[PDB]
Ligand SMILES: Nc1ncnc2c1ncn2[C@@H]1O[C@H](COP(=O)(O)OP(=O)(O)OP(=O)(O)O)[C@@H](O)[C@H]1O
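Take a look at this single chain, the form solved without the ligand, given in structure tokens.
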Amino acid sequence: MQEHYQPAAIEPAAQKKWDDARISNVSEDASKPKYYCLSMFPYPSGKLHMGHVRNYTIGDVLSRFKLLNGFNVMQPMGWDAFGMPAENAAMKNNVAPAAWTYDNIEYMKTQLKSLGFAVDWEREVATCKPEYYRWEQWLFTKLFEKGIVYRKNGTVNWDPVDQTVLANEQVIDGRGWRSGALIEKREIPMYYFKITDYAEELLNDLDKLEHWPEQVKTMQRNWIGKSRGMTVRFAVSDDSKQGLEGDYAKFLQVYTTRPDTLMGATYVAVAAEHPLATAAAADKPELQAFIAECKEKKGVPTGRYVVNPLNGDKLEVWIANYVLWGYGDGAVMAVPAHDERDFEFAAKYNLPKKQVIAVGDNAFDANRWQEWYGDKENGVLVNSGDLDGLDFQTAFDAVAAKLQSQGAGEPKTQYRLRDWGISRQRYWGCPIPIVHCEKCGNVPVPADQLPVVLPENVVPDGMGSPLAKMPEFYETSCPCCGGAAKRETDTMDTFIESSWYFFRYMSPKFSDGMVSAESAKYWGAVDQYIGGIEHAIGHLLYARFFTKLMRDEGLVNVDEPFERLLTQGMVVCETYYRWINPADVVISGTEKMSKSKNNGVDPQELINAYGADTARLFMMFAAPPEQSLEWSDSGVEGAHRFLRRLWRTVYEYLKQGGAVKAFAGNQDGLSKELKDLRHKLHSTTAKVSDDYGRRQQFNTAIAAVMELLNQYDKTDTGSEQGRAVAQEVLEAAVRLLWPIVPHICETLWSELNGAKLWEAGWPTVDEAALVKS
């Protein structure tokens, strides 16, 4: 054993030792229990930095920990090759997207292999490969027939810089997720995933996720935005029916979020395009000027009356400029006494305010709005008949049974979740398998003729969809009739491949479907998922929706894709722009380590200067995995000094007697200072085993091993029994730190014990060494 700690010699040799052993290339071995640990797979938008290194190290620490405990661990690594992240980097460097992606894929693969992660590289996947995106094309066509995927025109978010439409989850604070430019609204036909059909299921199965951060679960609940309301039909008075015809001659439908205020409704609003408005304006030019006005808050009365179905009040129908047509049934009711917007609309034209809700005993001010009138949590009913005294949860249920008895209403549920538009006017993306025929229409591509191969030899000029300028691509024959037809030149979003890549890892070479029904049953769901919280509304929701699709198609049998979720904290560093890199202007301050700010420390520059063990140790020790981590060079130096201490500790031990048999069995006869050291040992083994697999607190697990070494240095171990205890302390330490730093621990383990480390396994707690003296 050399006296100096040389990472340049111990790390490549240990990586080859692991590669030759093939301890990460796992199959469906039924002997061991499975453990699917997954880290969010990166965008090939350039070189990885230490921020990604923390993400993938946190996953490696968990994967190596379970592996040491006799687990069949699958830690796979892939490349999120399609979409804007890679294509924008290709255009920024003036390179074809296919070339820039593949060359950066092979650089990022060598970046991760230098860090020595326990990755099953035989399961490596590139989303841009046709052997991959053919199956999301397959699922696209099968869902298109079922109507779950549909094409429709409408109002969409438009990115002027990225020159493409965006989904609602890709619009961050009214700006684009990749561009930051302000989003515009356009009328463009798109392909949508009917994610609203799964809105209720995506909301209830959230409670199943007991091992998800409650922040991620809460953000999804607000994004779905479920609200329970009431659809109320107001019978038009027999005199006010003159003019209307159809359903609008019988009743007028409204939706209200607070239907406990039904009796307190003093009037009713309507839209300008509503037939009840145009019929009342056929003889009134004062309303034909309002109908033509909007087509603030203004309103005109038309003498039309509807019947409040719960008390019989004859509420007049007002034409308002705030009732948007097409949204809902194009009409609402008005309760000014318990609605701020209706209080302003009624204090504007002097309309009644029959109070119906009390909050404890706050004196009701008639013409003074107060925040207690919208209290849907601490309110009973007044002046409502058989509703007086019922809370909102009871007043809702009583009004529902009341309206259903007359047939003038029923409860209705609404979500703020809109359908998922996936059409993109970009080149680098999965082609949409739809062929437009003038005779047949939008027909899907036959499954035998999949994939619709995206030509890789394209360099976008930067002015419009490049696929719409390639006749040799979009000119084809109709698969239904055989005539002239055009291919769909729009491509899918990058969040389509990332919504099922965790299943493709189970069978990356399977040529008959998305995932083999055999391996899908063996791996089940992802046991541990690690990735940034920025995907709580986008990817982490898209993945759950795609899983419920693939399940309802018969390809997988689980409901949720990820059991546990760990949103690791962001690594931060000072930034400079004019963007300038620290190792090479203005001072932007401490910011997230990102390529879009050029404050990223390259992992390869650190391994060349300190080694992979030093970089991984600094990431795991500087802070808990969920906490933000500030980059510190002294933190890098201190982590290296400890790895020197661990190396020098084993050297001086071996240089003073050589390897002996580690102490085991009954410890009576041992001295107190050695009984105390074995006590600290097995307290550390239990503390580390608990900080890894329960608390997931790696920094305090490293600190616990350091305290064990502090007591080892303070304990005299030169005797015959001291060496045996000293052999036990070091055999435990190099196995406890192995998930954090496997290169140095594998080297020191073989210098202490001839056996293979992973067959020695995780250190056990000798509880006899824990009892006090």
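Quick note: we count residues from 1 along the sequence shown, nothing fancier.
Per the record, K672 and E673 are directly connected, with no deposited-sequence residue omitted between them.
The modelled chain breaks after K295 and resumes at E296, leaving 10 or more residues of the deposited sequence without coordinates. Higher mean CA temperature factor between 444-452 and 486-494: 444-452, per the PDB entry. Comparing the deposited coordinates for 249-257 and 179-187, the stretch with the larger average C-alpha B-factor is 249-257. Which of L540, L617, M463, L654 has the largest Cα B-factor in the deposited entry comes down to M463. Highest CA B-factor among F117, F546, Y576, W138, as stated in the entry: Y576. Among the modelled residues of its chain, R341 has a C-alpha B-factor that falls in the highest third, as given in the PDB entry. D29 sits in the highest third of its chain by CA B factor, as recorded in the PDB entry. When the modelled residues of the chain are ordered by C-alpha B-factor, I422 sits in the lowest third. Per-chain ranking of the deposited C-alpha B factor places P624 in the lowest third. When the modelled residues of the chain are ordered by their C-alpha B factor, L770 lands in the middle third.
Beyond the structure shown, there is the form deposited with the ligand bound, which is absent from this document and is the topic of what follows.
Picking from 377-385, 324-332, 652-660, 143-151 the stretch near the ligand in the deposited complex, with a 4.5 Å limit on heavy atoms, gives 324-332.
Under a 4.5 angstroms non-hydrogen atom cutoff, the ligand in the deposited complex lacks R644 among its neighbouring residues. For the chain shown alone, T256 is a contact residue for the ligand in the deposited complex, at least one non-hydrogen atom being within 4.5 angstroms. Proximity of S588 to the ligand in the deposited complex: non-hydrogen atoms within 4.5 Å are absent; the residue sits far from the partner. Within 4.5 Å of some heavy atom of the ligand in the deposited complex lies at least one heavy atom of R341. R416 is the sole member of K469, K348, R416, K109 with a non-hydrogen atom within 4.5 Å of the ligand in the deposited complex. Think of it this way: in the deposited complex, the ligand has a heavy atom of just one of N311, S227, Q370, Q288 within 4.5 Å, and the residue is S227. Contacts between 417-455 and the ligand, taken as any heavy atom within 4.5 Å in the deposited complex, involve no residue at all.
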